[PDB]
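Let's start with one chain on its own, the form solved without the named molecule, as structure tokens.
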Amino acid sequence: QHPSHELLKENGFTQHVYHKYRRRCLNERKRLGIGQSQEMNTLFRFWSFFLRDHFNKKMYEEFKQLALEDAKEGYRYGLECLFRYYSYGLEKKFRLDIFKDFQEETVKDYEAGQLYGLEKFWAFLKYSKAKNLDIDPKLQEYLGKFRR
């Protein structure tokens, strides 16, 4: 019934439903402020899941853009949703360009004093042939400090 639900259903995504829904969410974030819109939070979660099966560059880029913006103000749900999209999405369908973004956002997250991104990056890499790809050498040191 709520757009998030019917847009995620099988064969239930329509451009028309989605676009009104999106603007409503962005309007509410503008109206109420960063971190204060629960509707915004639902959009982050929608993007997180939907992009796994139905990638769209434009949607993906906004998702990332808004996530980083919110996180800079200390509101992290968006970025958390982003790291789950990277970690879970890449294990399902790997994409080189997205993997490079995952490395980029993980290093920044780590250098900002957080471990959420690094753990998600390790959870994916540990079990993937992606570990044999060219990894940011700084990220590789950060992953070294992950011994148990």
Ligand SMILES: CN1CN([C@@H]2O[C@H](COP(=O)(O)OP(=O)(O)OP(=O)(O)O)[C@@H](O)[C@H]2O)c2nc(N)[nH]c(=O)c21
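By rigid core we mean the largest C-alpha set that fits within 1.5 Å across both forms. For every residue, the number given is its place in the sequence shown, counted from 1. Only residues modelled in both forms are compared.
There is also a form solved in complex with the named molecule; it is not shown, and the following applies to it.
Enquirer: Contact check in the deposited complex: 91, 120 and 127 versus the named molecule, with a cutoff of 4.5 Å between any heavy atoms. Do all three pass?
Expert: The answer is yes; 91, 120 and 127 each reach the named molecule.
Enquirer: Can you tell me if residue 114 lies within 4.5 angstroms of the named molecule in the deposited complex, counting non-hydrogen atoms only?
Expert: Although the named molecule is absent here, residue 114 would stay clear of it in the deposited complex, with no heavy atoms inside 4.5 Å.
Enquirer: Can you tell me if residue 87 lies within 4.5 angstroms of the named molecule in the deposited complex, counting non-hydrogen atoms only?
Expert: The answer is yes: residue 87 has a heavy atom within 4.5 Å of the named molecule.
Enquirer: With a threshold of 2 Å on the C-alpha, tell me if residue 130 counts as moved between this form and the one not shown once the core is superposed.
Expert: Shift of 2 Å or more: yes.
Enquirer: Using the rigid core for the fit, write out the stretches of 3 or more consecutive residues with CA shifts of 2 Å or more between this form and the one not shown, ordered by sequence.
Expert: Segment displaced between this form and the one not shown after core fit: 126-132 only.
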